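S.K.: Protein chains in written order, with full-length UniProt numbering: chain Z, 759 to 808; chain Y, 506 to 635, 649 to 661, 672 to 859; chain W, 607 to 635, 649 to 661, 672 to 707; chain G, 708 to 758; chain L, 860 to 886.
Each residue gets a CB set at the ideal place from its N, CA and C atoms; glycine is no exception.
After the C-alpha cells below, expect a handful of questions from me.
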Amino acid sequence: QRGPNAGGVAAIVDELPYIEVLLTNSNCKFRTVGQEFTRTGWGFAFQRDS
Amino acid sequence: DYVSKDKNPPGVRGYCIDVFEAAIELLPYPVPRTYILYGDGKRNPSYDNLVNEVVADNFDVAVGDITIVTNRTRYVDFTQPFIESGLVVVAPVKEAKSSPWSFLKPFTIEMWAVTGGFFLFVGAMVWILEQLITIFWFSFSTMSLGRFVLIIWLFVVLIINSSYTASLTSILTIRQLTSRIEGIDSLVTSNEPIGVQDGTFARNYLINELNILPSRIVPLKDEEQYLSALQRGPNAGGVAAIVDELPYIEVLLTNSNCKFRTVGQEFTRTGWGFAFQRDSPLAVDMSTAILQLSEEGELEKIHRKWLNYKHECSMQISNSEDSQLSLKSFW
Amino acid sequence: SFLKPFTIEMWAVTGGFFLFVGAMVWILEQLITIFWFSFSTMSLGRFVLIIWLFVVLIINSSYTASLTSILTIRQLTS
Amino acid sequence: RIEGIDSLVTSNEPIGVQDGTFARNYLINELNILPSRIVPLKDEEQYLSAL
Amino acid sequence: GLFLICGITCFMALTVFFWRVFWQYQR
Ligand SMILES: *[C@@H]1O[C@H](CO)[C@@H](O[C@@H]2O[C@H](CO)[C@@H](O)[C@H](O)[C@H]2NC(C)=O)[C@H](O)[C@H]1NC(C)=O
Ligand SMILES: N[C@@H](CCC(=O)O)C(=O)O
Ligand SMILES: N[C@@H](CCC(=O)O)C(=O)O
Numbered sequence: 759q760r761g762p763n764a765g766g767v768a769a770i771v772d773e774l775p776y777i778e779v780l781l782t783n784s785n786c787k788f789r790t791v792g793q794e795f796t797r798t799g800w801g802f803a804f805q806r807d808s
Numbered sequence: 506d507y508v509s510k511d512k513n514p515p516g517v518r519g520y521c522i523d524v525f526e527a528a529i530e531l532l533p534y535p536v537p538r539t540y541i542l543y544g545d546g547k548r549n550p551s552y553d554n555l556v557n558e559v560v561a562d563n564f565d566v567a568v569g570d571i572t573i574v575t576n577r578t579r580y581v582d583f584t585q586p587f588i589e590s591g592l593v594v595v596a597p598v599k600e601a602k603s604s605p606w607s608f609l610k611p612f613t614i615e616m617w618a619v620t621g622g623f624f625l626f627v628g629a630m631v632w633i634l635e649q650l651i652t653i654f655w656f657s658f659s660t661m672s673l674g675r676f677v678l679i680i681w682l683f684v685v686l687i688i689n690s691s692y693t694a695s696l697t698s699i700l701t702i703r704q705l706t707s708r709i710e711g712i713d714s715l716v717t718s719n720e721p722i723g724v725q726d727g728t729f730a731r732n733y734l735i736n737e738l739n740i741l742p743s744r745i746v747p748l749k750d751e752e753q754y755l756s757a758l759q760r761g762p763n764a765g766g767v768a769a770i771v772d773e774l775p776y777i778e779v780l781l782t783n784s785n786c787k788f789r790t791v792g793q794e795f796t797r798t799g800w801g802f803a804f805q806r807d808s809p810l811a812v813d814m815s816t817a818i819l820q821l822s823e824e825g826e827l828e829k830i831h832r833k834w835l836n837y838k839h840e841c842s843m844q845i846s847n848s849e850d851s852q853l854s855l856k857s858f859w
Numbered sequence: 607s608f609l610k611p612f613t614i615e616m617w618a619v620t621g622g623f624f625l626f627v628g629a630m631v632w633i634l635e649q650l651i652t653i654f655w656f657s658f659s660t661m672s673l674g675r676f677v678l679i680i681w682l683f684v685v686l687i688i689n690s691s692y693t694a695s696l697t698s699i700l701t702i703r704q705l706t707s
Numbered sequence: 708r709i710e711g712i713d714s715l716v717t718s719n720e721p722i723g724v725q726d727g728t729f730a731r732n733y734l735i736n737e738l739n740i741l742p743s744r745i746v747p748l749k750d751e752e753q754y755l756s757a758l
Numbered sequence: 860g861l862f863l864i865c866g867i868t869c870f871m872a873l874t875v876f877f878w879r880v881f882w883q884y885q886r
C-alpha cells in the first residue's frame, strides 16, 4: 500500500499457493505480473534412505 | 567441444574431461580409471538413460554434460556445479528494413505513376478551363464548371490521403504484430513448433512443467541442422525457436553469423556436474577438489583452452519495439 | 509519451527544414520578415507550395500511422 | 474471437464440455487440445455460469 | 473505381466546353 517509497517494497516474491490465498482475501488491486519463473512443487521431507 | 570421441590413448576429448582430469591430481588418491563411451555416433545419447546406467551400477561415474534436475539429484549424487547453465530461447533477430522504398511502399509502383499521372491529366483539365508558361497553372490551382472539377479532385485527394494512411498503418502494425517471441511465456502460448536438441531433459521439462504439447517439440540431431531448422523459420518444416542450455548457445552464436540472439533470460538456472554412484565417498572428495579448483582460478583457465569462442555482436540488445520510424524512410 | 511517435532525431529535421522551405518564401518575397509570414501561410516560388503541400501531407499520414501503430499494439502487449 | 473449431483449437482458451462424454476424449485424441484446457461441467445451470 | 469518377467528370466538361465552342461559333 505504501508502494516502493515510505519504507515499503515494490513487489513481493511469493510461492504460487500463497498468492492464491492472498488475492482472494484482498480485491484485485494486486496482479501476478508474470508467470512461475521457477516451478518445482511441494512435498514431504523424510530422512535420507528411509 | 565439451566432450567427444577421440583417437587419443586416453580415448575421449573435450572440456568436462579435462576438468575431471585436473581434479584427479588434486586428490591424494592414485585412482585407476577407464573411459567407456555410451551412445551411438549418429545422435546424442539420452541422458536420462546415461544416469540410468549409473543407478544400475554399470558405470561408477558419468562425466560429461550431465545437468542437475530434481530426479537426477534424487537417484544419484552430484558434485558441486563446476559451471553454470540455464535454458535460454534462441531465435532469429529483428531485421527491420529502412529505405526510401520503405517510404513509398504503401502504394504499388504502378500506383505511384497513376496518382502522379492523374494529377497532371487533371491538371491539364485546368488548361481547358483556362517550362515557365506551364507553371502558371500552379499559381491558379492553389486553393463555374472549373470549380466543379476542383470539388471532385478534392475528394480524390481526401482519399489518397485517407488510404496512404491506411496502408502505412497496416504495414506498421503487421510489422509489429507478426509472429514474435520475447520470452518463454511468448513461446508457450503462440503454439509454434519448438526445436530442442535430442537426448536431453529439456524435452521432458517443457512437457512436464511448462505444459507444451508433445507435437510442438521437434528433436534435432547436430549443429548443422540447428541452422536449417531456423533458416526455414516456423514454416517449411522448421521450428520457431531452439531451447538449449546457455553454454551450448554461446558456441552456436560464434559458430554462425550475427543472425540470432537469446530473446529471454534463463528460465531454469541450475548448472552442470559429475554424476556419481549414489552415496559414494568420492563425492565428498571431489566436491572439495572442485571448490579448491575454482578458487584457484584453474576452473577458468581450462575454459579458455576449449571454450574461447565468445563474441557479443550486439545486433539488438532488448530493443523496445515501439514507434521507431525509419531513418532511411525520411532519407 | 505523447511525443513518442517520430523518434527524436526526426523532429528537428522536420521543424528545421520547415524553415528551409520557409526560407524559400523569403527569397521570392522586421518589415521583410512580417511580410515573410504572408505567403508562407497559404510562379516559380508558387510551385514549391505544391510540393511542400505534399510533404506535410505525408508527415500528417506518417504521424497518424505511427500513432495507430502505438495505440493498437499497446492494447495487445500482455 | 472464435468463428469455427479451428479458431478454438489455436486460441488456447479454456473450453467447457459436459461431464461423462466422448467429447472429452475426442478433442484430446483427435483435435490435439491440451487436457488442462478442457474443463468439465455438471449441470445446465453451470452451463451458463461458465459463460 | 475512384479513377472512373476521374474519367466521367472530366469527360463531362469536354462536352460542355465543346458546346461552348459550338456557341463560340454562333457569335
Ligand atoms: C524421474 O527420474 C527417473 C529416472 O530417470 C524416472 O523414474 C523411474 O526410474 C527407474 C530407474 O530405477 C526406471 O526403471 C523407471 O522406468 C522410471 N519411471 C518411468 C515411469 O519411466 C522417471 O523417468 C523420471 N520422471 C519423469 C516424470 O520422467
Ligand atoms: N545439458 C543437457 C545436454 C543434452 C545434450 O547435450 O544432448 C542435458 O544434460 O540433458
Ligand atoms: N452424446 C454424448 C452425451 C454425454 C452426456 O450426456 O453426458 C455421449 O454419448 O457421450
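Tell me whether the beta-carbon of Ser698 (chain W) lies closer than 9 angstroms to the beta-carbon of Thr693 (chain Y).
M.R.: It is not a contact, given that the beta carbons lie outside the stated cut-off.
S.K.: CA-CA distance, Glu530 (chain Y) and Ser815 (chain Y)?
M.R.: Going from the Cα of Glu530 (chain Y) to the Cα of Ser815 (chain Y) covers about 14 angstroms.
S.K.: Under a CB-based cut-off of 9 angstroms, is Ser690 (chain W) close to chain Y?
M.R.: At least one chain Y Cβ lies under 9 angstroms of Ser690 (chain W).
S.K.: In angstroms, rounded to a whole number, what distance separates the CA positions of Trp681 (chain W) and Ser672 (chain W)?
M.R.: Roughly 15 angstroms between the two C-alpha positions.
S.K.: Give the residues of chain Y in contact with residue 712 (chain W), contact being defined as C-beta atoms less than 8 angstroms apart.
M.R.: Because chain W in this structure spans residues 607 to 707, residue 712 (chain W) falls outside the shown range and cannot be described.
S.K.: Counting only C-beta atoms, is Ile633 (chain W) closer than 9 angstroms to chain Y at any point?
M.R.: Cβ-Cβ to chain Y under 9 angstroms: no for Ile633 (chain W).
S.K.: With a cut-off of 8 angstroms on the beta carbons, I'd call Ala528 (chain Y) and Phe788 (chain Y) a contact; round off their distance for me.
M.R.: Not really, about 34 angstroms apart at Cβ, beyond 8 angstroms.
S.K.: State the DSSP-derived secondary structure class of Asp772 (chain Y), mapped to helix, strand or coil.
M.R.: Strand.
S.K.: Just to make sure I have the definition right: I need the residues of chain W whose C-beta is within less than 7 angstroms of the C-beta of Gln704 (chain Y). Which are they?
M.R.: By Cβ distance, chain W contributes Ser698 and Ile702.
S.K.: State yes or no: is the beta carbon of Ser509 (chain Y) nearer than 9 angstroms to at least one beta carbon in chain G?
M.R.: No, no contact with chain G.
S.K.: Rounded to whole angstroms, what is the Cα-Cα separation between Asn719 (chain Y) and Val684 (chain W)?
M.R.: Distance between the alpha carbons of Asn719 (chain Y) and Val684 (chain W) is about 43 angstroms.
S.K.: Got a sec: is the Cβ-Cβ distance from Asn739 (chain Y) to anything in chain G below 9 angstroms?
M.R.: Chain G contact via Cβ: present.
S.K.: Determine the DSSP secondary structure at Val716 (chain G), reduced to helix, strand or coil.
M.R.: Helix.
S.K.: Along chain G, which residues have their Cβ under 9 angstroms away from the Cβ of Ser714 (chain Y)?
M.R.: Going along chain G, no residue has its Cβ under 9 angstroms from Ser714 (chain Y), so there is no contact; the nearest lies around 12 angstroms.
S.K.: Can you tell which of Y:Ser657, Y:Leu686, Y:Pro550 and Y:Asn557 has its C-alpha closest to the C-alpha of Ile687 (chain W)?
M.R.: Ranking Y:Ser657, Y:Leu686, Y:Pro550 and Y:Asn557 by Cα distance to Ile687 (chain W) puts Y:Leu686 first.
S.K.: Verify the CB distance criterion: does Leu673 (chain Y) have a CB-CB separation below 9 angstroms to chain L?
M.R.: At least one chain L Cβ lies under 9 angstroms of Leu673 (chain Y).
S.K.: Does the region 754 to 765 of chain Y touch the region 794 to 801 of chain Y, meaning 3 or more C-beta pairs lie closer than 8 angstroms?
M.R.: No, they do not touch.
S.K.: CB-CB under 7 angstroms to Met630 (chain Y), same chain, minus the five flanking residues each way: which ones, in chain order?
M.R.: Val677.
S.K.: By the 10 Å Cβ neighbour count, where 16 or more other Cβ atoms means buried, how is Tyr580 (chain Y) classified, buried or exposed?
M.R.: Flag for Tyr580 (chain Y) reads exposed.
S.K.: Measuring straight from C-alpha to C-alpha, what distance separates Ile633 (chain Y) and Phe876 (chain L)?
M.R.: If you take the alpha carbons of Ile633 (chain Y) and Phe876 (chain L), they lie about 8 angstroms apart.
S.K.: What residue does the alpha helix (DSSP H) around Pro605 (chain Y) start on, and which one ends it?
M.R.: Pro605 (chain Y) -> alpha helix (DSSP H) spans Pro605 to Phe608.
S.K.: With 16 other CB atoms within 10 Å as the buried threshold, where does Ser695 (chain W) fall?
M.R.: Buried, because 16 or more other Cβ atoms sit within 10 Å of the Cβ of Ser695 (chain W).
S.K.: Just list the residues that DSSP pairs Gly591 (chain Y) with in beta bridges.
M.R.: Bridge partners of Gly591 (chain Y): Y:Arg797.
S.K.: Is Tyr543 (chain Y) near ligand 1, with its Cβ less than 8 angstroms from a heavy atom?
M.R.: No, ligand 1 has no heavy atom inside 8 angstroms of this Cβ.
S.K.: At a CB-CB cut-off below 7 angstroms, which residues of chain Y make contact with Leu678 (chain W)?
M.R.: Simply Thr660.
S.K.: Indicate whether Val771 (chain Y) and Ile735 (chain Y) have their beta-carbon atoms separated by less than 9 angstroms.
M.R.: No, these two residues do not count as a Cβ contact at 9 angstroms.
S.K.: Give the single residue among Y:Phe656, Y:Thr613, Y:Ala811 and Y:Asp750 whose Cα lies nearest to the Cα of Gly546 (chain Y).
M.R.: If we check each option's Cα against that of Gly546 (chain Y), Y:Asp750 comes out closest.
S.K.: Select from G:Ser756, G:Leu755 and G:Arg731 the residue whose C-alpha is nearest the C-alpha of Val746 (chain G).
M.R.: Among G:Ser756, G:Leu755 and G:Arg731, the Cα nearest to that of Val746 (chain G) belongs to G:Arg731.
S.K.: By Cβ distance, which residues of its chain are closer than 8 angstroms to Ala757 (chain G), with the 5 residues on each side in sequence left out?
M.R.: Excluding sequence neighbours, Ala757 (chain G) sits near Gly723, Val746 and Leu748.
S.K.: Mark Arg879 (chain L) as exposed unless 16 or more other C-beta atoms lie within 10 angstroms of its C-beta, in which case mark it buried.
M.R.: So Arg879 (chain L) ends up on the exposed side.
S.K.: Use the C-beta contact count for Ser714 (chain Y): other C-beta atoms within 10 angstroms, 16 or more gives buried, fewer gives exposed.
M.R.: That one is buried.
S.K.: Taking only runs that begin and end inside the region 508 to 539 of chain Y, name each unbroken alpha helix (DSSP H) of 4 or more residues, in chain order.
M.R.: Whole alpha helix (DSSP H) segments, 4+ residues: 521 to 529.
S.K.: Of all Cβ atoms in chain W, is any one closer than 9 angstroms to the Cβ of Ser657 (chain Y)?
M.R.: Yes, because at least one Cβ of chain W sits closer than 9 angstroms to the Cβ of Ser657 (chain Y).
S.K.: With a cut-off of 8 angstroms on the beta carbons, I'd call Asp807 (chain Y) and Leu532 (chain Y) a contact; round off their distance for me.
M.R.: Between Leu532 (chain Y) and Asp807 (chain Y) the Cβ distance is about 18 angstroms, and since that is not below 8 angstroms, they are no contact.
S.K.: Identify every residue that forms a DSSP beta bridge with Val746 (chain G).
M.R.: Looking at the DSSP assignment, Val746 (chain G) forms a beta bridge with G:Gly723.
S.K.: Is it true that the region 773 to 785 of chain Z meets the region 775 to 784 of chain Y, where meeting means three or more beta-carbon pairs spaced less than 8 angstroms apart?
M.R.: No, they do not touch.
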